[PDB]
Amino acid sequence: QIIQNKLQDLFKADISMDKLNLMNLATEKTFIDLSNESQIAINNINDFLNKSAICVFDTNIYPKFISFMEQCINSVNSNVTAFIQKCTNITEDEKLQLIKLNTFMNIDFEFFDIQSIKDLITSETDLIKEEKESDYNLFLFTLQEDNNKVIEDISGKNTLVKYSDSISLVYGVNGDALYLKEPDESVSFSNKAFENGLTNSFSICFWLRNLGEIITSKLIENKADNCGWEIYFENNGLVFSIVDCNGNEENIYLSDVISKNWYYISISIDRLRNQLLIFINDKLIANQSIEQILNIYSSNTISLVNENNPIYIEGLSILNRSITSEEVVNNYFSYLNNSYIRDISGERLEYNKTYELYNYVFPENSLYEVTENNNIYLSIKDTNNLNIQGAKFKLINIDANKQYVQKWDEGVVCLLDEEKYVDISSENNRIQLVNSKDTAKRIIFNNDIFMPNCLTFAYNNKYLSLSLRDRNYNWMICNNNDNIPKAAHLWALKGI
Amino acid sequence: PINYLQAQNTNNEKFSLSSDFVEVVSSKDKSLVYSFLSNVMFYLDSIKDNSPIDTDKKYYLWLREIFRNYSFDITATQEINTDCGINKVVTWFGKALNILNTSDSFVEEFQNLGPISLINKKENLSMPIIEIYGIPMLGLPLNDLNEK
Amino acid sequence: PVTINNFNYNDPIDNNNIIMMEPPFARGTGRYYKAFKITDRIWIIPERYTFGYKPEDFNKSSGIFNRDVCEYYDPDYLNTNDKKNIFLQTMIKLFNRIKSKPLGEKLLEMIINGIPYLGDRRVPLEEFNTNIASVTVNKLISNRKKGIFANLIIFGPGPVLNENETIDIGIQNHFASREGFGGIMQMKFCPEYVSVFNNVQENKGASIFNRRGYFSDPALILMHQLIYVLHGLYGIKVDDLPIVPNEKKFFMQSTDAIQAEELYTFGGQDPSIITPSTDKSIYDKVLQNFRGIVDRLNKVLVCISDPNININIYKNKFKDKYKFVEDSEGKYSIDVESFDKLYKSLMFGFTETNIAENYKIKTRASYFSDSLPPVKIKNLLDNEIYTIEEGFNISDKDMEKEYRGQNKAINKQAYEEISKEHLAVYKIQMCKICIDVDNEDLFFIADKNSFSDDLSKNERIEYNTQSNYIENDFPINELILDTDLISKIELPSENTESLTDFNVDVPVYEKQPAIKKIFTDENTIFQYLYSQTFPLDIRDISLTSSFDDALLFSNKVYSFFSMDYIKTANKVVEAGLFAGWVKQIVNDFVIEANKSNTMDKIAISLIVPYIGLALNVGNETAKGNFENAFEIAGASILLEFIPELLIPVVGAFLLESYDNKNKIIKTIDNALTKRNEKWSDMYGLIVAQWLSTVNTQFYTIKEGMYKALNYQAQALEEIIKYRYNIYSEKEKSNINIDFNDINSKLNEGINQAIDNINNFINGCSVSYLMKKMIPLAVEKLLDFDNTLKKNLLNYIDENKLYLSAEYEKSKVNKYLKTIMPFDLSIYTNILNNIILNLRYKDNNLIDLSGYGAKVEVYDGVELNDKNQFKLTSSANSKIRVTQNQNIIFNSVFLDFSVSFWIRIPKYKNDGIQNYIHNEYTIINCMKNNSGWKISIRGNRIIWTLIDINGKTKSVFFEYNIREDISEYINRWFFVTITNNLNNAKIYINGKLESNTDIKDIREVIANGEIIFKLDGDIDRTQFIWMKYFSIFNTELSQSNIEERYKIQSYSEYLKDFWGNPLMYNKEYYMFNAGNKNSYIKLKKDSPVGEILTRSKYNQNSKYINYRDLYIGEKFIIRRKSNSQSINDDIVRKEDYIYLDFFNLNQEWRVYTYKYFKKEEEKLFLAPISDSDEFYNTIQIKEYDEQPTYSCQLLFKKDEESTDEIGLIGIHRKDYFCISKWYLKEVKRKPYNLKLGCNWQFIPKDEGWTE
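Residue numbers (PDB author numbering), protein chains in the order written: chain W, 700 to 912, 914 to 1116, 1118 to 1197; chain X, 500 to 635, 638 to 649; chain U, 3 to 145, 151 to 439, 446 to 616, 618 to 672, 674 to 818, 821 to 846, 861 to 1243, 1255 to 1292.
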């Protein structure tokens, strides 16, 4: 009512009609937000007083029940003992054992169970509310099926999804992902809550992979004429621009976003804190204050375009609240925990593909063949030799039907003229290259959860790593000593 | 508590928030309404006697501040350690529905006292009539007596 | 490559290793010293460093040498030959420990191979000269002098034992080590005396032995000084704009200027104090020095100082030292990539932080961290205290956890305190009475003159201008992997002609008064801290809530807690309620701490209110409500002195105009990259200012809060002791109180409060940086952006003839329309409260807690690789755990938790009475009929505590036995029992289950001997499975328990009904979570499994109810491609397999049709066969994020095909089918655990009968 009084008293002012409709829409959105805050307070007090009632039962009624039943159990035991002593058809030791066996300690009549009372005052209405409670304004879900792809919102808010038939479905990270290869494509998501407003917190969260190469191409737009927000490529990175209906702008350039690499973009706008957070992968990139940003009322349709750029978009999600750094990190690391070994590009690693080898310690030196003492190994390139081409690798599995590598997979590394294969010499505990497939070593491929695009080769519970410097060489060796750092046995395979 | 609940309601359209219940109920003009929103009242007193709002930016700022203060005020909770775990006590629960509203803070009185002090009718238990009949003395062997 | 020799101080002089050498600071005035060649080009002279020091200054006096160190003097030290020999032995041991690891070996290799250049600024560019005091040093042969080459000489301590230093040689105020040449360096280092620090900035929970002070590792200090030496030898010790502290105010700390090289050497957050402009300045200075060096190296042709010295060998050695590029013609050039790598590895590669992390040695958090008075190591040559490999933290002695080997309160048998009568500190006396405060306890606010303003300088933009950006970091792994341990050191012979010149600048050191008197009348942090102390002579003291009252008198001690706490502490009770009063007052003290209120109006999660009342720092924060003032005035009221921020106005860009047409496009891009670089430099400058001026004040506030809490704890302990001693002998004999327990509880409360304070203060500091520093720099950068946009627009207009300039204008506008976000991570860098942690290592159970508890496991206990052990009824099935006498739970306040996973078998149907009435203890910790035990009666798990008197308290958990399918009857579940001063709680699977009040328990003593053994009335077949047993010495919270249960429930494989790992080629019974009372049975005619209702138990007892699980078809799981390891046979998530079932005497697979119309399609149960119209591969997956025993089965076209068919389930007459509708419903954020797709496998277990 106070807000309505102020708005109606401000209607008698030198403000244009369009701005007045903007005020009315913003006030309606603020009323919805106030209702949401009131509901939050209501369930807060509900939980508080329910826990208070359970506590009062625990600390005010249960002791009285215990006292009363102790008094009763005294008489019960006395009567049982009297009855067992009146009988005279049994022995003495047997009678003592029987009377000791039929006794009533306190634990006999102790039935308190906090979980059994919490689950006893929760009704089917509470379960319905819990099931229908979702923190998502849009949770896009794609399902290839059999020759009939379906893209739809499964958040329960029923956003209207309009997409052309030129889009495809691939397997990007975890599940199917939209693939826009045909130029000038568009996917529109329509929902009332997407209109934003003066006071409402939200967050966009998706996976992006650009196959292009460097002009400014629009990626995601919600700009109604002037006001709104948008994300678009620029130079060699992204730009997130938010503009309100008063001229205030906020353009943030997120660098180090190059093509042929997966990126987990998470943008959060929290208007209770006047905070704008922008995470790329598992690292906070931007932390800005948007106190100068005001009503951003925009259209009810979020548009995803391609603009002559083949793009993979996965798990596009819009929430109705702000996200924290811990939650973003948890989502990013759990989304990649899917038993698939990835390459340095972020895509799935596959057998029978030309791959370049990199060590985690040296993210730019590619292993190259070295011949010495009539033996061929592979080693890091020296600092004086950086133009030497790296070695071409392939992974061979026992079954040729398998195409994608997985956790705990036995395989053989093949080097691309004589078709060399990896072997381990039990003279220097290094590796070498042989010309016999039967002489190769079946090594196990794995990866660490917190290093997703890196993998490890194991051979009887012994990781292969890089040795120390040796006259401008660093051979792969099967280490057993701890003097080599634990991060030196992480490798990366790059699609070459 | 019903008196406070009624006092938080007005039929007029030109009221003003007040933290004094006695002043609200003793107001002859009936222009004061009781409220526990300390943040909102403080903000409105701060902006009192200032430049009247005429521009759209000023109104947007005022609305945003009002919403932020209301959200901070209605969602105020303090986590205390109770015998059954952790309880998020609502801080303003003392002001509205006058209960343990003597002095200091509601959470301080709630912690020092128990949860029983919230309700106004305690010690309503009554022992139910208990009929535990004793065991009925015919002779029996060990197994039959054990089973009985 | 590096060898360490063994010497003795009485070894005869052989003039090859043990020689008589005149140091360069002797100026050829005789006084030869006995020196030992420990390693190549490194010499040890075990004599006091008397150069530049008057012999009268070696004693303690009213003077002082430095104003930042508690100086300890001992003239009698190093006075005999035995002391020299033990010093030599200690240095040998330290060098062995340094070389023990690859990083130290690489450091020593760089030091040895970094031989100084032969010549200085006073040497012609075309010739060498070895007649310089900084290159060659004289030795005596006659019992005839010669000259030798040296790189480092290690002397003994100077007047101050605990003040190590490294000095270079300067000639006419022209040091060779600051100009790229390099020279010998002299070290003052005493290994017996080490500095002591603290870790207030590090949070380790509510530990007892935390933040108690740590003594540094002598090897670490030696390696720090060796990093200094390495900087000196390579000639990179240049001098740039230093950090000059501001001392205008009285509370400011006054000290000598800090050069950037020291901060670079310290590492961590310290190099961020040096702004990027100064970083670039130092980089280009070193680059110019190396350019001069390479010009000198190319210009030389012959040597005139000593013709016996080879030219080509030395040129090659210097090329290897400086990492130069040898051209085919013969000239030597500089590769910038190589030089950049070498510079980054020398400055940011070898740091104290990186070395300490690599050697697992604790060190100071920051260069500006407070320093405690030093201590003396009792004996550094004892391998039972300090060893070469492990160092102070000996793993065998249970001292390698949390650097327990360096803890002052833990390793009390390895150090000795220094008497205050021999320590001099530069104290400041604050007189109105007068208060003496050490200079180390003052705010270190840097002056505005220490930060450069190179941003305001104009920059010339050309077509080849490269945006240079130095990075204050170098990966330590790259340094380690570049270490060579095989190739030997090939150094030229050190012998040469004797030294001729003796020009050298010996510094002169003069003491200064150690007391500075100042006059002020401001009650600030120092006065409030003083008011909380009492003299040792006072024995009857009382706490007062008035600061002035406690400041005036000596028997009144200030306090900043609630008046209720003061009233309780001042209360005097009878001897019959003394122990209860002590418990109450300690609990009230702890509750007074940890007082935090959550914050939601600031981007700061918690606020502690008792900071203004404790320190009164800033704008008189003690007055009024601290929380209200903080909310109203922001996060600036806590700042003692608001500093002026130096924000330069960025200069314009002078763009070169070319014609060009080809070079006129690259200049625009170069200007844009330079603008980005200017943005980054401005951000770095602001960050440096924040780290120097604002963060130090908050660190001082943190230290003051810690000291105030320590003073409060000491006052409370003194009051307790006085009250206990004021009683009669009979009353004192009647009361049993342990002072160790109250001290431990007070320390734990202090550490928890310090954790909260640390979080709050860090939040406030970061909030101040973002909301008071960054916006102004952003505004200035936006003004610069507008200016640059206008300049570029008028440049395009003024050169529009050459170069579609509309595209360039659009690109320029788009690029500068966006701003560069500010990142702080750029400039920055298990509950761990366990006391027992049983784990499986190799066919045995050991303790990974790090406290070294002896675990004896007998032959009756069955083990496995999954950390599960089964205790049976045999007399030899017992585990004995003996804990350390120092690591046990508190015996008075009783705050500890016990967590594990347990598995109990089903009751015996015929033995219900015996199963119910019998109660048998399974874990015991009783010594004298007191302690705690875990017992298992029928259907209950009881946790019991019995104190010394005899009063008992139990809390249990009973799982329903009448349920159809129970979740606890024979499956693993998590049990956690927590105990504090008031309640005992038991949680099952995270959720709280039961709670009892234990407020009437007097005192529980700890047996220290835990017995895992089923003792009591048990049947011959009675086994219990246990896993992941752990004990914590703190009361775990609900969220902590839930997180622990979630973490311990994660696994790579899948789980069957009982929780055991899913295994291939095993008999299973299918179970549906959605339809609990149903199972599948093969139809006699149709090839579709029919759904049948499960049986139940109605044999003889109505008290027991369940449903049979061994009914239905026996399912088996087989591999699809046999591509994994044969040794591994567990089923992992997202695995393609074949799901067969045993029908009669054959195995039949389950298939599905390729094409179907309805969503719910029936399965096809047929013998193993190959068909082109059916799908056979089933992918087993797990969809529930929360821990569960239910898995999902999906049908896929192929292992390499993205096509997906559906999910196996049961749909309503019930029908076992596959559905495509489950696919949409399985991805909903709130997972539905009652779905029809949730399947579990029940193998035949020995715990489940019928």
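Here a beta-carbon is modelled for each residue, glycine too, at the ideal position from N, C-alpha and C.
Where the stretch 567 to 584 of chain X meets chain W: residues whose CB sits under 7 Å from a CB there:
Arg567, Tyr569, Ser570, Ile573, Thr574, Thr576, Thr581, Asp582, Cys583
Cβ closer than 9 Å: which chain W residues qualify as neighbours of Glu607 of chain X?
Locating residue 607 of chain X in the second sequence gives position 108, counting from the first residue. Those do not exist, as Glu607 of chain X stays about 16 Å from chain W at its closest Cβ, beyond 9 Å.
Looking only at C-alpha atoms, which of U:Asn87, U:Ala267, U:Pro252, U:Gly154 sits nearest to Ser261 of chain U?
Residue 261 of chain U sits at position 254 when you count from the first residue of the third sequence. Checked all of U:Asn87, U:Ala267, U:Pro252, U:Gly154; the closest Cα to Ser261 of chain U is U:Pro252.
Would you mind working out which of U:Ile680, U:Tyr1220, U:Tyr1184, U:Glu1213 sits nearest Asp1203 of chain U, comparing C-alpha positions?
Along the third sequence, read from residue 1 onward, the residue named residue 1203 of chain U stands at position 1172. Ranking U:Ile680, U:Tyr1220, U:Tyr1184, U:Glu1213 by Cα distance to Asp1203 of chain U puts U:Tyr1184 first.
Assuming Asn766 of chain U and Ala37 of chain U make a contact with CB atoms under 8 Å, what is their CB distance in whole Å?
For the purposes of this step, residue 766 of chain U is identified with residue 751 of the third sequence, where counting begins at 1. For the purposes of this step, residue 37 of chain U is identified with residue 35 of the third sequence, where counting begins at 1. Incorrect: roughly 49 Å between the Cβ atoms, too far for contact.
Straight-line gap, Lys1188 of chain U to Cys904 of chain W (C-alpha atoms, nearest Å):
Counting from one through the third sequence, the residue named residue 1188 of chain U turns up at place 1157. Counting from one through the first sequence, the residue named residue 904 of chain W turns up at place 205. Between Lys1188 of chain U and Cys904 of chain W, the C-alpha separation is close to 36 Å.
Residues bridged to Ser885 of chain W (per DSSP)
Counting from 1 along the first sequence, the entry for residue 885 of chain W is found at position 186. DSSP lists W:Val1005 as partners of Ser885 of chain W.
Counting Cβ pairs, one atom from each stretch, are 3 or more of them under 8 Å apart for the stretch 310 to 327 of chain U and the stretch 388 to 408 of chain U?
no
Range covered by the alpha helix (DSSP H) that runs through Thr92 of chain U
Here residue 92 of chain U is taken as the residue at index 90 of the third sequence, counted from 1. 83 to 101 is the span of the alpha helix (DSSP H), which, as asked, contains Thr92 of chain U.
Can at least three beta-carbon pairs, one atom from the stretch 333 to 341 of chain U and one from the stretch 153 to 161 of chain U, be found at a separation below 8 Å?
no
Answer yes or no: does any C-beta atom of chain X fall closer than 8 Å to that of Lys580 of chain U?
Within the third sequence, the letter at position 567 stands for residue 580 of chain U. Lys580 of chain U does not count as touching chain X.
Excluding sequence positions up to five away, which residues of its chain have a Cβ less than 7 Å from the Cβ of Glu1083 of chain U?
Counting from one through the third sequence, the residue named residue 1083 of chain U turns up at place 1052. Excluding sequence neighbours, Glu1083 of chain U sits near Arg1163.
Sub-8 Å separation of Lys909 of chain U and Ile1055 of chain U beta-carbons:
Indexing the third sequence from 1 puts residue 909 of chain U at position 878. Indexing the third sequence from 1 puts residue 1055 of chain U at position 1024. No, Cβ-Cβ distance for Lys909 of chain U and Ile1055 of chain U is not below 8 Å.
What residues in its chain sit with their C-beta under 7 Å from that of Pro166 of chain U, if we drop five residues either side in the sequence?
Here residue 166 of chain U corresponds to residue number 159 of the third sequence, with the count starting at 1. So the qualifying residues of the chain are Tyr55, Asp59, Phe60, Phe67, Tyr75.
By the criterion of Cβ-Cβ separation under 8 Å, what are the contact partners of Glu522 of chain X in chain W?
For the purposes of this step, residue 522 of chain X is identified with residue 23 of the second sequence, where counting begins at 1. Here the premise fails: no neighbours, minimum Cβ distance about 19 Å.
Use the C-beta contact count for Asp550 of chain U: other C-beta atoms within 10 angstroms, 16 or more gives buried, fewer gives exposed.
Counted from its first residue, the third sequence places residue 550 of chain U at position 537. Looking at its Cβ environment, which holds fewer than 16 other Cβ atoms inside 10 Å, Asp550 of chain U is exposed.
So does the stretch 884 to 902 of chain U actually touch the stretch 419 to 431 of chain U, counting three or more Cβ pairs closer than 8 Å?
no
For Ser1080 of chain U, I'd like the list of residues in its chain whose CB is within less than 6 Å of its CB, leaving aside the five on either flank, ordered along the chain.
To locate residue 1080 of chain U, count along the third sequence from 1; it is residue 1049. Result list for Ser1080 of chain U: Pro1218, in chain order.
Note down, in chain order, every chain W residue with its Cβ under 7 Å from the Cβ of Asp1234 of chain U.
Locating residue 1234 of chain U in the third sequence gives position 1203, where the first residue counts as 1. Residues of chain W passing the Cβ test: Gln843, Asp845.
Rounded straight-line distance, which links the Cα of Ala643 of chain U to that of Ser604 of chain X
The residue labelled residue 604 of chain X in the question sits at position 105 within the second sequence. The residue labelled residue 643 of chain U in the question sits at position 629 within the third sequence. Their backbone Cα atoms lie some 18 Å apart in a straight line.
Check: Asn809 of chain U C-beta below 7 Å from any heavy atom of the ligand ADP
Here there are no bound small molecules, and the ligand ADP is not part of this structure.
Which of helix, strand or coil DSSP assigns to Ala459 of chain U
Translated into positions along the third sequence, residue 459 of chain U becomes position 446. Reduced to three states, the DSSP call for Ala459 of chain U is strand.
Kindly indicate which three-state DSSP category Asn1084 of chain W falls into: helix, strand or coil?
Looking up residue 1084 of chain W in the first sequence gives position 384. The answer is coil: DSSP assigns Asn1084 of chain W none of H, G, I, E or B.
From which residue to which residue does the beta strand (DSSP E) around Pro1153 of chain W run?
For the purposes of this step, residue 1153 of chain W is identified with residue 452 of the first sequence, where counting begins at 1. First-last of the beta strand (DSSP E) with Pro1153 of chain W: 1152 to 1159.
Where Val207 of chain U falls, given that 16 or more other Cβ within 10 Å makes a residue buried
Stepping through the third sequence from its first residue, residue 207 of chain U is reached at position 200. By the 10 Å Cβ count, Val207 of chain U comes out buried.
Hey, does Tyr559 of chain X have any beta-carbon neighbour from chain W nearer than 8 Å?
Taking the first residue of the second sequence as 1, we reach residue 559 of chain X at position 60. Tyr559 of chain X counts as touching chain W.
Which value, in whole angstroms, describes the spacing of the CA atoms of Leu1224 of chain U and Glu1235 of chain U?
Translated into positions along the third sequence, residue 1224 of chain U becomes position 1193. Translated into positions along the third sequence, residue 1235 of chain U becomes position 1204. Approximately 12 Å, taken between the alpha carbons.
Contact set for residue 1 of chain U: own chain, Cβ-Cβ below 7 Å, skip 5 residues either direction:
This structure leaves residue 1 of chain U out entirely; chain U is present only between 3 and 1292.
Chain X beta carbons: is any one of them nearer than 8 Å to that of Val775 of chain W?
Position 76 of the first sequence, counted from the start, is the residue given in the question as residue 775 of chain W. Yes, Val775 of chain W counts as interfacial toward chain X.
Quick check on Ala226 of chain U: buried or exposed, where buried means 16 or more other Cβ atoms within 10 Å of its Cβ?
By one-based count along the third sequence, residue 226 of chain U stands at place 219. Classification of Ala226 of chain U: buried, given that the 10 Å Cβ count is 16 or more.
Contact set for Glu510 of chain U: own chain, Cβ-Cβ below 6 Å, skip 5 residues either direction:
Walking along the third sequence from the start, residue 510 of chain U turns up at place 497. Only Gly154, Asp313 meet the Cβ criterion.
Please confirm if the stretch 569 to 578 of chain U is in contact with the stretch 597 to 612 of chain U, defined as three or more CB-CB distances below 8 Å between the two stretches.
yes
Please list the partners that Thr821 of chain W has in chain X, where partner means a Cβ-to-Cβ separation under 7 Å.
What you label residue 821 of chain W is simply residue 122 of the first sequence in a count that begins at 1. Those do not exist, as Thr821 of chain W stays about 16 Å from chain X at its closest Cβ, beyond 7 Å.
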